[PDB]
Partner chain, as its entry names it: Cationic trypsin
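As C-alpha cells, one chain now follows by itself in the form deposited without its partner chain.
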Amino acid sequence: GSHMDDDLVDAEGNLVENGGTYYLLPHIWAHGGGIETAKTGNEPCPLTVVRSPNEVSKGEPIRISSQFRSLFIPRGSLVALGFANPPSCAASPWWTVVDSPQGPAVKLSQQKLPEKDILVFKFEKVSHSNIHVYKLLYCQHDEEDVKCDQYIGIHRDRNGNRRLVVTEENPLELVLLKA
C-alpha cells in the first residue's frame, strides 16, 4: 500500500506523472495564463521564463521530473522543471534560477547545465485544502544539502513581461493541468 495523499495531484484529481507534461496555470483566472518564454534585458533571444498575460492561453507544456525514476512524485520531492518543447535558442529545456539586481530569476540557458542547477524546485500544496493548488519553492544551497525557503512569484517588467522570479510576496499558486 501507499500513504494517502502522498503525491502531486493535477487539475483533474489524478496523480502527476513523473516526467510527464503539464500546463502550470494560476488558480486565479484573472492572474494570467500558462508559462511562456520571452527575450528580456540583453538576451539575444527568449531565455526568460514568463507567465502569459492571456488568461485563455494554457502556455507551454512543462515537464516535471523528480531525481529518481518513480511513477509519481512524492510530496516534498525536489524537482526539475523544463519545457517539453523549449525555445530553439536554449541549449536545454530545464529552468534554472540566476541572480540579477532585480533578484533571483527563472531562466533558460544557452549551454548544458549541471544537475545541481536544475533540481532546485519543489511544490508545496496551498493550505486552503484541496483544489490541488501549489506554491512553487526554489531551493538554494545550505552548504551541502538543500534549503527550500524562497517562493517563486511574478515581476512585471515595464515591457509587460510577467517574469517568474523569487519574490518576497504574492507567490505563485498553480494548478497543474495534464498536457
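Numbering follows the first chain given and starts at 1.
- Remark: stretch with higher mean C-alpha B factor among 16 to 24 and 155 to 163 is 155 to 163.
- Mean CA B-factor, 127 to 135 versus 47 to 55: the higher value falls on 127 to 135.
- Among all modelled residues in its chain, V146 ranks in the highest third by Cα B-factor.
- Among the modelled residues of its chain, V120 has a C-alpha B-factor that falls in the lowest third according to the deposited record.
- Annotation for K112: C-alpha temperature factor in the highest third relative to the rest of the modelled chain, per the entry.
- The entry lists a Cα temperature factor for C89 that places it in the highest third of the chain's modelled residues.
- Among all modelled residues in its chain, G82 ranks in the lowest third by Cα B-factor.
The same protein also has a form solved in complex with its partner chain, omitted here; what follows describes it.
- Within 4.5 Å of its partner chain in the entry with it bound, a heavy atom is found for every one of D5, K122 and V146.
- Interface residue remark: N18 is counted as part of the site for its partner chain in the entry with it bound, having a heavy atom within 4.5 Å.
- For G103, no non-hydrogen atom is located within 4.5 Å of its partner chain in the entry with it bound, even though that partner is not displayed.
- For the chain shown alone, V98 is not a contact residue for its partner chain in the entry with it bound, no non-hydrogen atom being within 4.5 angstroms.
- Counting a residue when any of its non-hydrogen atoms is within 4.5 Å of its partner chain in the entry with it bound, the hits in 44 to 79 run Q67, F68, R69, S70, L71, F72, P74, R75, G76, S77, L78.
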